[PDB]
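J.: Everything below, folded, please.
(one chain, ligands or ions: 7)
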Amino acid sequence: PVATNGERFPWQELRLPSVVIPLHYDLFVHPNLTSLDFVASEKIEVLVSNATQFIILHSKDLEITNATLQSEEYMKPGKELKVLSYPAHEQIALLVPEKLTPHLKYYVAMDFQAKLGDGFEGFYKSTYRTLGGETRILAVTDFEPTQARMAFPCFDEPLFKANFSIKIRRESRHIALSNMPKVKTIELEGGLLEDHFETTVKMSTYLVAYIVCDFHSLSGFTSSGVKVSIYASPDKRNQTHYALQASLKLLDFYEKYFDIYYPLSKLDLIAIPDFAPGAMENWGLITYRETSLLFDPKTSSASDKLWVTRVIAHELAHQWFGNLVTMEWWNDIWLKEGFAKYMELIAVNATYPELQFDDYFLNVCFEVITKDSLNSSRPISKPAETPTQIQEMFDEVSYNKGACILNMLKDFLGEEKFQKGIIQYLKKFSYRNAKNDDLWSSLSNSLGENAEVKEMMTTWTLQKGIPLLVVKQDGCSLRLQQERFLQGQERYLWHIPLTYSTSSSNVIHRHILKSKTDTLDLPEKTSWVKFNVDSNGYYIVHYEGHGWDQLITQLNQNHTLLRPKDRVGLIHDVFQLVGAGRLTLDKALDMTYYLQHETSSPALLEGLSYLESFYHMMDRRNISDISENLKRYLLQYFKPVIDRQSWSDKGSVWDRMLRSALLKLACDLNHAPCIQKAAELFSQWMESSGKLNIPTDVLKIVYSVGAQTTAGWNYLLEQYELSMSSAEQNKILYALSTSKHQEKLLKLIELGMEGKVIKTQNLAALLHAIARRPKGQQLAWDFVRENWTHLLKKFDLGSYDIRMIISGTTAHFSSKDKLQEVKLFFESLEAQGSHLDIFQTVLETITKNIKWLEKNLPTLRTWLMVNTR
Ligand SMILES: *[C@@H]1O[C@H](CO)[C@@H](O[C@@H]2O[C@H](CO)[C@@H](O)[C@H](O)[C@H]2NC(C)=O)[C@H](O)[C@H]1NC(C)=O
Ligand SMILES: *[C@@H]1O[C@H](CO)[C@@H](O[C@@H]2O[C@H](CO)[C@@H](O)[C@H](O)[C@H]2NC(C)=O)[C@H](O)[C@H]1NC(C)=O
Ligand SMILES: *[C@@H]1O[C@H](CO)[C@@H](O)[C@H](O)[C@H]1NC(C)=O
Ligand SMILES: *[C@@H]1O[C@H](CO)[C@@H](O)[C@H](O)[C@H]1NC(C)=O
Ligand SMILES: *[C@@H]1O[C@H](CO)[C@@H](O)[C@H](O)[C@H]1NC(C)=O
Ligand SMILES: N[C@@H](CCCC[NH3+])C(=O)O
Ligand SMILES: [Zn+2]
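T.: Numbers count the residues shown, from 1 in each chain. Ligands and ions are numbered 1, 2, ... in the order given. Structure as follows:
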């Protein structure tokens, strides 16, 4: 079957035929930034394997005005082809008047043209405010995973790699960047210019990139030669200094660690005004949101720095993981993304150990654990089809779990061995693709008895959920039962490595596992044991017997006798099992007593995080009695440390993080003093007409405070537009979402639609923010529900944007009622809407909420009332 206008389609599967193999693209693009469109011409050197009468490749909203196939041997320049367009598979078929012949190299060549894109996809238009207040346009690309086909027709699968020779034509007011460095620039008749770029190494289509803009740069050189350059609005070249330092340090590290030089002469990182993802790893031309790449010590904070450091790291890691060695297909996307999410950890701890990213990392896992503890979860490695499924593939599973199980795996195998493991892997696939299994093999092979590692990871990657490992203590024999962990199954088995210490020697007893059930003996009767040291393992431990109580009392006596990640980890599981139903809320709440002794901010903050979480539940629902005693228990306890915090920016990262943490908790809870001081700094800053410097750490706090008066709110929105700091704007906007006036917030949400004052790219994040506040949880839900039509014009489902606009506004619900209006909306979404897996997840989550409450709510009230006495 087929289309468009009559005539039939030679190929009826959404994948492409292996027959016609692409070897090289010649790619010319003539964009116009006034006309706001482009004209283009390409020339693909094919290579048939089996003779055939028709050629098949991808194309999308591309008008093709000339199709030929020249011969190199058959025929002299050059026969014309018949173009068949099948949209519902975003394919076009070429028609030859003469079947081709195996083992022969041809040249398919077409002329095409389109308008510059609307969205955040393909070859699209973006703008930005100068310091003068001028709006300015530029042209940029985003091809992952299925969008190179909207830019130039091609074989848009990650497996069909090729060389790419791009030529860009431009006004003299602009510059052109692309993956490779610029060979030359010729002038043209009318004073037009044409840039020629080094031919790329073999590489997938989704990684091709080109850009026209009038940006400025800071350049530098990695010790191994490469010219790193940070590109941004000319008014912003200052914020690009950190980006440069770190890129440099990082590329240096990577080359050494991976023991593979980065192939290209140059590496550019550019800060795109309008950019949907946080960044795109385009080889030699990595795009970023300004908030991922730009840093301004006046406005950028502890966390900020850490995060931009983080995404720069993550993106440079891609130059190897993904770029050099590309997964064969979007099912094992995780291979690219989990390994990159992981290498984050390594390289930053490596180069910037002061950022102390390690103590953080776990959160990456804790958070995936939250989503993996549902039935609506999935296997890191899964079948993928429609472009939409592919997009759905980009999530916490592929990213975080992937990064976590790898980390676990590195524990079982050790750095030096794991490092070797990857060096090999990379080199064995340089400039090509690799399969899920391919990786395991290259790792597990780093006598004469065998590293069976495969089995282990193979269960991890290919099935849902996360293991719960209950342990029973009877003198010197410990019962081990492994279950699928869920949050209130049958058929899951994990080769889950175990770890554990005892109250005795602080030494790490290891021991694998691969059966539904096993047992182990303890060399000496001991107080307590703690399985999964440092929490380096992707699983949970439940302590039946006095196992739980023993650990908790240990925490109140001499807690330092516990690893600070054990502490952290413990806190985590305790509260999770309370949701599992296996524990009762009082036990967890009781752990939170030792927190007055806890100096590991990691733990101190995690504990606090949960207490904080409960107050917020109570607050949304009207539950005034609990939320107010919780506020009180929070102010009173912790008032020691709360009152120890300086409205400054001194101390280590965690010291700063802790400061902002607490001081927020304080102002959020209305601690008169703090909320007065904050009030002060703002009125000062505002009336000093911006001259006064609020410390970046308390920055959000002050802004969010000053936003309570319509006087301040109106100054901040005014202040927002003029700002040159992506980072400051972020914080202003946040502070804007802390108003209590419906229309005020409503305004924001609408300005997000508009997308002229507040870029649409923020629409999700913003919505999410408002839905959080009790005031706006309704507004938001209303809006999304009402505007799902126009929303879907602006974004794709399932774009991460749409995906999070959905959950962000609903995932926090906890009533039977809300759970229907959602359930119902998801039914409604069921023309073009249905279906996103997030539809399930969202519900599974709202049920878990109602449950957790009806289950554990009464327990909360008494537990608190108890303290009051
Ligand atoms: C895109 O088209 C624009 C129209 O805005 C081009 O500019 C006109 O081009 C002709 C030939 O260069 C000139 O005679 C006019 O003076 C231009 N008008 C303006 C307002 O500049 C522009 O060259 C194109 N952009 C590119 C370089 O591709
Ligand atoms: C297309 O890309 C390849 C690399 O993917 C270019 O280079 C060859 O790559 C191998 C493998 O790393 C190197 O060892 C060789 O030095 C390169 N060979 C050559 C030709 O020098 C290759 O040159 C590119 N081909 C085109 C069409 O330019
Ligand atoms: C191409 O040829 C190979 C070997 O001759 C064969 O395995 C394959 O089926 C052919 N492709 C098709 C489906 O025509
Ligand atoms: C982090 O780096 C330090 C040295 O810089 C090292 O001791 C530690 O092993 C690293 N953490 C891991 C396991 O990556
Ligand atoms: C636990 O507490 C004691 C006294 O309260 C303290 O001096 C001791 O150093 C702590 N134990 C350890 C090993 O830190
Ligand atoms: N690969 C990108 C995500 C971009 C996906 C959408 N273009 C990253 O590392 O975050
Ligand atoms: Zn990535």
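J.: now the longest helix along the chain: how far from the chain's centre is it?
T.: In the chain, with assignment by DSSP state H, the single longest helix is helix 837-868. Relative to the mean C-alpha coordinate of its chain, helix 837-868 is positioned 27 Å out (CA atoms, centre = their mean, to the nearest Å).
J.: so what are the domain limits for the chain?
T.: If you go by curated CATH domains, the domain ranges for the chain are 1-215, 216-465, 466-543, 544-869.
J.: what residues does the stretch 51-200 of the chain put near ligand 1?
T.: 170-171, 190, 192 (CB under 6 Å from any ligand atom). Just so you know, the C-beta spots here come from the backbone N, C-alpha and C atoms, and that holds for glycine as well.
J.: Go back to those residues and keep what's next to ligand 6.
T.: When CB under 6 Å from any ligand atom is taken as the criterion, no member of those contacts ligand 6.
J.: Among these, which pair sits farthest apart?
T.: 170 and 190 (12.0 Å; CB to CB).
J.: which one of these two has more residues nearby?
T.: residue 170 (22 against 7; other CB atoms under 10 Å).
J.: What's opposite the more buried one in the beta bridge?
T.: Listed by DSSP bridges, the beta-bridge partners for residue 170 are residue 193.
J.: Identify the residue nearest residue 610 in space, chain neighbours excluded?
T.: residue 575 (5.3 Å; CB to CB, 6 or more residues apart in numbering).
J.: do the same with residue 268
T.: Excluding its sequence neighbours, the residue lying closest to residue 268 (CB to CB, 6+ apart) is residue 229, at 4.7 Å.
J.: give me every residue that touches the one you found.
T.: Applying CB atoms under 8 Å, 6 or more residues apart in numbering, we find residue 229 in contact with 217-220, 244, 266-269.
J.: where's it relative to ligand 4, distance?
T.: 28 Å (CB to the nearest ligand atom, to the nearest Å).
J.: which stretches of the stretch 351-500 of the chain form helices?
T.: Taking DSSP state H, counting those that start in this stretch, the helices of the stretch 351-500 of the chain run over residues 357-372, 387-392, 396, 402-413, 415-427, 436-444, 453-462.
J.: The spatially closest residue to residue 264 that is not a sequence neighbour: neighbouring residues, count only.
T.: Closest residue in space to residue 264, ignoring its immediate chain neighbours: residue 284 at 4.6 Å, by CB to CB, 6+ apart. As a burial measure, residue 284 scores 27 neighbours (other CB under 10 Å).
J.: Can you name the residue of the stretch 251-400 of the chain nearest ligand 2?
T.: Nearest to ligand 2 in the stretch 251-400 of the chain, going by CB to the nearest ligand atom, is residue 263, at a distance of 7.8 Å.
J.: In this structure that residue contacts residue 201, no?
T.: Yes - Residue 263 is within contact range of residue 201, at 5.8 Å (criterion: CB atoms under 8 Å).
J.: hey, what's in contact with both of those two?
T.: With CB under 8 Å, 6+ apart, residue 263 and residue 201 have no common neighbours.
J.: quick one on the thing from earlier: mind checking the domains of the chain for the one nearest to ligand 7?
T.: domain 216-465 (4.5 Å; CB to the ion).
J.: Endpoints of that closest one, how far apart?
T.: End-to-end distance for domain 216-465, by CA to CA, to the nearest Å: 47 Å.
J.: re earlier: which positions in the longest helix of the chain come out as buried?
T.: 838-839, 841-850, 852-853, 855-857, 859-860, 863-864 (16 or more other CB atoms under 10 Å).
J.: relative orientation of it and helix 357-372 in degrees?
T.: 110 degrees (axes from the mean of the first three to the mean of the last three CA atoms, to 10 degrees).
J.: Show me what helix 837-868 is packed against.
T.: Counting contacts by 3 or more CB pairs under 8 Å, 6 or more residues apart in numbering; DSSP states H and E, helix 837-868 packs against helix 564-580, helix 585-591, helix 601-620, helix 624-636, helix 800-808, helix 816-828.
J.: Adding distance to ligand 2, write these out as CSV.
T.: CSV is the format used below for the helices and strands packed on helix 837-868 (distance: least, CB to the nearest ligand atom, whole Å):
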stretch, distance to ligand 2
helix 564-580, 42
helix 585-591, 55
helix 601-620, 44
helix 624-636, 58
helix 800-808, 31
helix 816-828, 46
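J.: Kind regards, and thank you for your time.
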